[PDB]
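Here is how the chains run, residue by residue.
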Amino acid sequence: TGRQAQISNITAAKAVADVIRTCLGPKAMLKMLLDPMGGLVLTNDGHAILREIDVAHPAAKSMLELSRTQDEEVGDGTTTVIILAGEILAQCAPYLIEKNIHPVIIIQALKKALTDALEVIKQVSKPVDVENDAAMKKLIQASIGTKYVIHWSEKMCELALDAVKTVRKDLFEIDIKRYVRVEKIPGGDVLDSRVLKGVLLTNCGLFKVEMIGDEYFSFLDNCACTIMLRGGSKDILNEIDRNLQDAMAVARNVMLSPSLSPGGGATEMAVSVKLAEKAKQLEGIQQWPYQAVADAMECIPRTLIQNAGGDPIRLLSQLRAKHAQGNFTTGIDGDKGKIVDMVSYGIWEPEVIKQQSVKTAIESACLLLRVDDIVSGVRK
Amino acid sequence: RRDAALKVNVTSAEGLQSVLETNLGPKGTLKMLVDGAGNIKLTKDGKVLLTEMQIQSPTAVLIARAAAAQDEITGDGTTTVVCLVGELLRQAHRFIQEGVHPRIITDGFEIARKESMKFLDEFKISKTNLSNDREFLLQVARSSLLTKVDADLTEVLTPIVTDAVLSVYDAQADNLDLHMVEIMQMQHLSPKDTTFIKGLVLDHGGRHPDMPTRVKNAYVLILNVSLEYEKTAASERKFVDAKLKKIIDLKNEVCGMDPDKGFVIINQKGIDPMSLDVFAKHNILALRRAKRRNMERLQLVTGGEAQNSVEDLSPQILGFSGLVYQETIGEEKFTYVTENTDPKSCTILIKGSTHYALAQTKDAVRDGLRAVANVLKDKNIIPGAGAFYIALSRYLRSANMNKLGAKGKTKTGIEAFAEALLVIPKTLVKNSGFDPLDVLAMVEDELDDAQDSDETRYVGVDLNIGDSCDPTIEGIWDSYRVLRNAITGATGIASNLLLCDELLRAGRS
Amino acid sequence: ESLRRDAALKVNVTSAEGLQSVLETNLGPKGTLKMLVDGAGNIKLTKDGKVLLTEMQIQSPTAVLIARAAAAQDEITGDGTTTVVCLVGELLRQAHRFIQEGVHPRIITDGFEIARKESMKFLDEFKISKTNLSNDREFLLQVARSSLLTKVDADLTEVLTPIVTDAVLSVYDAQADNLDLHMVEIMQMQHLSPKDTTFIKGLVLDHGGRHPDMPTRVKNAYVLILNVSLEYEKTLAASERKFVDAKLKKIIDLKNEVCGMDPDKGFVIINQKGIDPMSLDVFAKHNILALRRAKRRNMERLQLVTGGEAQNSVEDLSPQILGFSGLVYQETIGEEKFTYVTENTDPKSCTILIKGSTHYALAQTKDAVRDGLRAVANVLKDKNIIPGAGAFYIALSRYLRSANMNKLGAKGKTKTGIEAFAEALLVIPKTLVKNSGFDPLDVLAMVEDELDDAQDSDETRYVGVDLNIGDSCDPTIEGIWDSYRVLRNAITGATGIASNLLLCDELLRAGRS
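About the cut-offs
- Residues numbered from 1 in each chain as written, not as in the entry; some residues may be left out.
- Chains lettered and ligands numbered in written order.
- Part of a larger assembly, values for the part shown.
- Heavy atoms only, no water.
- Salt bridge = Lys/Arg side-chain N within 4 Å of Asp/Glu carboxyl O.
- Buried < 20%, exposed > 50% of the residue type's maximum accessible area, 1.4 Å probe, protein only.
- Contact = heavy atoms within 4.5 Å.
- Buried area = accessible area lost by both parts, 1.4 Å probe.
- Helix = DSSP H or I, 4+ residues; strand = E, 2+ residues; numbered from the N terminus.
- Nonpolar A, V, L, I, M, F, W, Y, C, P; charged D, E, K, R; others polar.
- Pairing = 2+ DSSP bridges.
- Domains from an automatic or database assignment.
- Axes fitted to C-alpha atoms, helices over the stretch in contact; angles between N-to-C directions.
- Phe/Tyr/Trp six-rings, centres within 6.5 Å; stacked < 30°, edge-to-face > 60°.
- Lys NZ or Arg CZ within 6 Å of the ring centre and 35° of its normal.
- Core = buried A, V, L, I, M, F, W, Y, C linked by side-chain atoms within 4.5 Å.
- Polar contact = N/O pair within 3.5 Å; in protein donor to acceptor, adjacent residues only side chain to side chain.

- Structure determination for this PDB entry was carried out by cryo-EM, with a resolution of 6.8 Å recorded in the header.

## Some remarks on the pattern of salt bridges
Think of it this way: side chains of opposite charge can pair up when their charged atoms draw near.
All names here are of chain B.
Then step 1. Under the definition given, this model contains 81 salt bridges over all chains.
Then step 2. For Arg457, the salt bridge goes to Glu455, with nearest N and O atoms at 2.8 Å.
Then step 3. Exposure remark for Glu455: the relative accessible area of 39% places this residue in the partly exposed category.

## A word on the interface of chain B and chain A
Then step 1. The interface is formed by 20 residues belonging to chain B together with 21 residues belonging to chain A.
Then step 2. Both sides of the chain B and chain A interface together cover about 2200 Å² of buried area, and 60% of this is carbon and sulfur.
Then step 3. Listed by contribution, the elements that provide at least two residues to the side of chain B that touches chain A are α3 (58-65), α6 (102-123), α19 (480-498) and β19 (500-505) of chain B.
Then step 4. Per-element accounting of the side of chain B that touches chain A gives the leading share, six residues, to β19(B).
Then step 5. Tallied by class, residues from the side of chain B that touches chain A come to ten nonpolar, four polar and six charged.
Then step 6. As judged from the four bridges shared by strand β1 (residues 30-34) of chain A and β19(B), these two strands associate in the parallel manner. Looking at β19(B), one finds that A:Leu34 is bridged to B:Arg505.

## Description of the domain arrangement of chain B
Then step 1. In terms of domain boundaries, chain B breaks down into domain 1 (1-127 + 380-509), domain 2 (128-198 + 344-379) and domain 3 (199-343).
Then step 2. Spacing between the C-alpha centres of domain 1 of chain B and domain 3 of chain B amounts to 56 Å.

## Regarding the sheet that holds β1(A)
As a general point, the strands of a sheet are linked pairwise by backbone hydrogen bonds and lie either parallel or antiparallel.
Then step 1. In spatial order, the strands read β2(A)-β1(A)-β19(B); together these three strands make up an open sheet with mixed pairing. Strands at the two margins of the open sheet, each flanked by one partner only, are β2 (40-43) of chain A together with β19 of chain B. Here the average twist between neighbouring strands, direction ignored, is 15°.

## Points about the packing of aromatic side chains
Then step 1. Per the stated rule, a full pass over the model turns up 13 aromatic pairs over all chains.
Then step 2. Between B:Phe388 and B:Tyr389, the ring centres sit 4.6 Å apart and the planes meet at 50°, which makes this aromatic pair tilted.
Then step 3. Assessed through its relative accessible area of 7%, B:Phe388 is described here as buried.
Then step 4. Ring pairs connect the aromatic residues C:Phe122, C:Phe126, C:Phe392, C:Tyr393, C:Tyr399 and C:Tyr462, which therefore count as one cluster.
Then step 5. Its end group placed over the ring of B:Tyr480, B:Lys124 keeps NZ or CZ at 5.2 Å from the ring centre.

## What to know about the nonpolar core
Then step 1. If you look at the biggest cluster of nonpolar residues, it comprises 61 residues, and the most contacted ones within it are B:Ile382, B:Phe388 and B:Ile424.
Then step 2. Those residues in contact with B:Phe388 that sit more than four places away from it in its chain are B:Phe123, B:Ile382, B:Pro383 and B:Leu483.

## A short note on the domain arrangement of chain A
Residues and elements named next belong to chain A.
Then step 1. According to the domain assignment, chain A consists of domain 1 (1-128 + 259-380) and domain 2 (129-197 + 224-258).
Then step 2. Domain 1 and domain 2 are separated by 29 Å when their C-alpha centres are compared.
Then step 3. The partner domain 2 presents 16 residues to the 16 residues of domain 1 that form the contact.
Then step 4. Carbon and sulfur atoms make up 55% of the area that domain 1 and domain 2 hide from each other, which totals about 1200 Å².
Then step 5. The interface formed by domain 1 and domain 2 contains one salt bridge.
Then step 6. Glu73 is the partner of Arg252 in a salt bridge, and the nearest nitrogen-oxygen pair spans 3.2 Å.
Then step 7. Joining domain 1 to domain 2, the criterion identifies three residue pairs in polar contact.
Then step 8. Listing elements by their share of the side of domain 1 that touches domain 2, those giving two or more residues are β9 (348-350) and α16 (351-369).
Then step 9. At three residues, α16 tops the list of elements feeding residues into the side of domain 1 that touches domain 2.
Then step 10. For the side of domain 1 that touches domain 2, the class distribution of residues is ten nonpolar, two polar and four charged.

See the structure below:
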């Protein structure tokens with residue numbers, strides 16, 4: 001009731017965020033679930049975790065719809081963004097339930113925080129040309145490092161980058177890439193693919209019909225592109241779409257935001273050290289809840305340290321000093337927990353990855369603060 | 001605060017290996033399963049045991065589901081994979097509970113995983129399968145039956161499996177498990193009286209007791225339309241005699257001099273016993289109520305062909321068999337036909353007291369025939385008798401500055417994997433009441449003496465006398481592809497428990 | 001039916017492993033402190049082994065034997081008693097690795113006795129010889145600092161380091177004679193804060209006269225020991241005053257024989273019973289300090305401290321009775337006055353004045369000073385000083401792994417017993433790193449990397465453990481050192497305590513009430 005009802009809502013998102021802390025990165029851990037029916041689900045993806053679990057906390061139910069929005073854009077690595085919404089709720093404990101800070105005052109501070117965050121996003125902006133196929137090849141392979149299809153992606157990711165550019169082009173560049181039709185053929189080898197430019201069913205070169213147990217082959221000459229995938233196993237087709245069909249978000253994000261940000265949770269390192277410097281120039285009542293947001297920003301990279309088995313207190317001492325002094329291009333190695341910068345790490349992510357992450361986090365955090373209490377038993 | 005659930009989940013999971021601890025090796029004892037209806041089954045197969053056994057801890061229930069893939073991988077002695085990962089988890093509690101992170105130590109076993117196949121690549125031994133030498137074939141049968149049945153049933157089923165694996169073979173290494181399927185299950189005599197049949201056997205027979213019990217040359221012909229009439233009365237029986245005239249004419253046309261040959265009738269419907277009296281003079285065998293699956297296998301073995309009308313008869317569609325004899329057991333008459341036109345498919349006649357003792361032999365020869373089939377398919381065989389437990393553990397134990405590949409805590413994971421491979425050989429002698437510490441002095445220390453002699457020797461462990469032996473002399477051998485996915489798959493299955501931070505109870509309400 | 005018998009497993013371990021995690025937190029200088037509170041509110045806060053066992057109540061019967069076996073550890077050492085307990089706790093888990101496989105408990109006991117003989121062989125080469133007759137304060141300040149940092153904080157360490165060094169050095173001589181029985185002088189009082197503690201070279205009296213004109217700070221005085229008292233009693237009244245006034249002039253004449261008129265020569269008296277305040281006016285005119293209500297124990301010590309003689313009757317007076325003191329100061333605190341007598345010509349004993357307020361603050365420094373003084377007392381008795389900072393425990397485990405079948409020639413049965421002892425040797429430096437926040441295994445891994453380079457360096461060196469930085473160091477530069485007799489009974493006592501607990505496979509309950 002009142003402030004006591006908001007405490008249960010903070011711990012509701014805190015308990016869920018603590019489970020997905022280990023779900024980020026190539027070192028991401030797994031979680032096992034036990035339902036009252038006796039079924040067990042063991043996976044490292046937080047998407048199916050929030051869908052199968054029915055939570056008794058009404059505040060945690062709002063995070064289920066937020067995960068559907070984050071998964072609609074990318075879906076890989078964006079599940080852990082909910083932690084940022086949970087760290088802000090825990091950050092208000094010295095303020096909301098102690099200093100009696102009004103929620104709108106915190107929301108107004110988040111409005112200035114979201115505005116200043118986009119300025120920091122434009123500071124780490126690193127544009128790159130999309131005409132180079134080799135530059136775009138290593139870009140889509142970023143999310144592949146979490147799977148064993150890495151060495152298989154040589155004949156896989158090349159088909160996705162060529163099909164999107166046909167249905168993208170320009171107009172701005174806004175277009176519809178959903179006209180592509182991907183066909184999956186079970187059995188065979190993953191190395192076997194089909195290169196087809198046209199519509200699958202003037203001066204046509206040739207017409208032929210192959211032999212396939214599923215259906216036949218038909219070519220339609222236009223004045224649109226299709227993909228025929230041959231999987232290396234029976235049920236592997238589910239993971240193939242995650243590394244190709246779901247990987248189309250990388251090709252969509254590079255067209256909307258050609259700029260590149262540090263990948264593997266290395267972006268918010270330069271954001272947290274910069275947000276603390278922008279707070280000293282505010283000099284107001286809202287400075288304390290505004291500066292405390294940087295304390296919630298440094299909790300996200302600690303997930304890598306928890307995955308790398310390091311000490312987040314001692315390691316971030318030198319790590320935060322590199323982003324606030326040397327340069328903002330430095331980063332954190334997630335594998336071994338090392339200071340190796342993102343320059344030689346070879347992975348960069350678009351700016352929109354963190355843009356949609358912070359935008360949906362602030363919008364979801366303020367709505368949870370606007371709720372005074374929760375009542376039950378209405379019998380609708 | 002942290003997890004702390006990992007040590008609790010494995011603690012309840014450690015009870016699975018304690019139950020299965022006595023299931024390893026030929027000296028182990030069989031586990032019994034009983035239902036509420038009175039049916040009792042005694043077998044060591046992990047697929048049947050883990051399915052019927054319901055563990056209160058759900059953690060061990062999901063891990064037992066991963067053993068279903070071990071059927072094609074191994075199929076015989078899958079408990080080794082379960083007991084190997086049991087101590088593998090305990091070695092992590094001496095580390096992770098001390099502040100070692102699970103992800104750090106997991107990468108240590110992932111490196112030793114792939115590196116174990118590189119050491120196994122030079123460890124395997126290749127043989128020539130084209131010569132079909134019975135010396136190596138009888139040893140592969142001993143590597144299975146001894147771990148399944150006793151020594152009395154060993155010398156029985158060994159030539160049965162040996163003759164079965166040689167029945168299906170080719171210079172092109174063409175083998176089909178679906179080619180040999182039917183296995184006769186009968187209750188009579190004792191399980192030690194089972195024999196190997198050289199041809200297919202049918203579960204149905206004729207109603208005429210005076211039919212010849214032994215036939216030299218029998219011509220098998222599948223008849224579709226029933227010989228006896230069904231419905232539209234004196235003209236109905238005249239049509240049967242008209243059909244019997246073609247059978248008598250066909251019998252005398254083929255061989256008209258010496259009655260050393262016979263003819264077999266396969267009917268889908270019943271046959272009037274009054275019409276069978278004519279077959280007694282011509283020595284013609286008849287059948288009734290034959291299943292479709294049984295008739296389809298006769299065309300590929302006996303060489304016959306299904307015929308609709310008996311008005312058209314030719315010797316081209318008639319198969320032949322070299323030996324045919326019948327035996328009447330109880331009220332069910334069976335027909336034993338061997339030496340057919342295409343005798344590449346055989347059957348195993350199994351007799352015993354009840355289905356309780358019959359389940360032991362059925363599951364033994366089913367996977368035993370497939371295990372020896374992998375020897376002809378994959379010429380690379382791995383020395384058994386616990387020879388690779390110490391060998392693979394010794395290569396990763398000595399590293400220093402030559403070959404290491406890891407650092408820090410990841411280096412300790414390789415040493416923990418070497419100690420995790422030694423739980424199986426210590427368990428083999430523990431079930432027999434032997435001290436594994438004294439066994440290593442005569443086995444593990446023996447390999448160091450042979451290493452200084454500039455010779456490659458693989459020494460096994462004899463459970464009978466509790467001393468060292470030779471896997472080549474003893475004859476214990478395992479296929480390469482069997483232990484390749486077993487060792488690699490054990491790391492992936494054990495990782496599922498290593499990758500689990502905590503067990504949370506929640507779901508659909 | 002048979003069967004029955006019993007099985008040796010963690011059931012018997014749960015009694016002996018309970019103190020492991022309890023005593024693991026307070027192990028080392030970074031450890032914590034345990035408190036003891038009664039129903040009256042008195043709280044005694046210390047981690048010393050006295051409260052850990054004897055003053056600790058627990059339902060585990062094993063702690064009774066651990067408390068009895070610690071009697072030799074508290075007398076000989078008294079510091080770091082939790083290290084031996086952690087050695088047993090690690091060996092208990094080694095039973096499930098070994099004994100659970102069918103090894104008989106008697107087999108692993110041979111590895112403990114063999115390690116004891118091999119530890120002495122390694123202890124002889126590992127110790128460093130030092131000459132204590134040179135009165136070198138370099139190692140005395142380092143051993144004292146190593147004892148204070150493991151008990152008190154860094155503030156109390158800087159103050160008490162030179163104090164403890166000069167305290168034992170006063171009794172120490174070229175004959176290496178140090179007697180702690182005659183010299184104790186522990187002053188229990190509440191004043192200022194424990195950081196204000198001071199050192200006194202002589203006995204301090206807890207009694208003093210209430211006369212306002214009694215001089216406080218006096219250059220020097222002649223102590224006159226008198227077991228009787230001369231004052232006005234109820235007793236006719238003039239009869240007792242005649243004996244007092246007659247002997248009073250003899251006291252004044254005694255001051256004239258030593259020429260008390262010289263401002264550089266003072267005079268003072270002491271009595272066992274009370275003194276009439278009317279008689280104090282005579283001592284005030286002559287500037288004579290008076291003391292009343294003196295304890296029998298304090299008066300007997302003044303003969304060996306001041307250097308005079310103990311006299312009973314006032315009629316007998318001689319110059320040899322009066323003592324000598326270089327400094328005389330009297331401080332008034334509360335209802336009692338403390339007289340500081342120091343700067344004697346040849347003090348036979350000294351004391352450390354204790355300060356504090358709360359009860360737990362005094363008890364924390366009460367045992368720490370006596371245990372710290374005993375630690376440096378063994379340094380003067382031991383001509384060999386042992387390098388500390390885990391250099392002995394880490395290097396001993398490597399010595400056991402190098403020579404196994406080459407020297408000892410084990411048959412393989414005792415090989416597991418001698419190896420299990422080496423596994424527990426690294427537990428003591430492992431707890432030190434855990435209390436410092438660093439990862440226990442990663443820090444010890446870097447220490448072992450330097451040990452491998454030291455063997456190939458072909459030189460004599462010792463690898464230390466630094467908790468602040470987390471890397472290897474030099475025990476000489478660090479300053480952590482151990483006495484020879486400290487680790488002599490520690491390794492010997494560790495083999496006896498651990499073996500007695502492993503030999504018990506069954507427990508029963510019966511007897512007479």
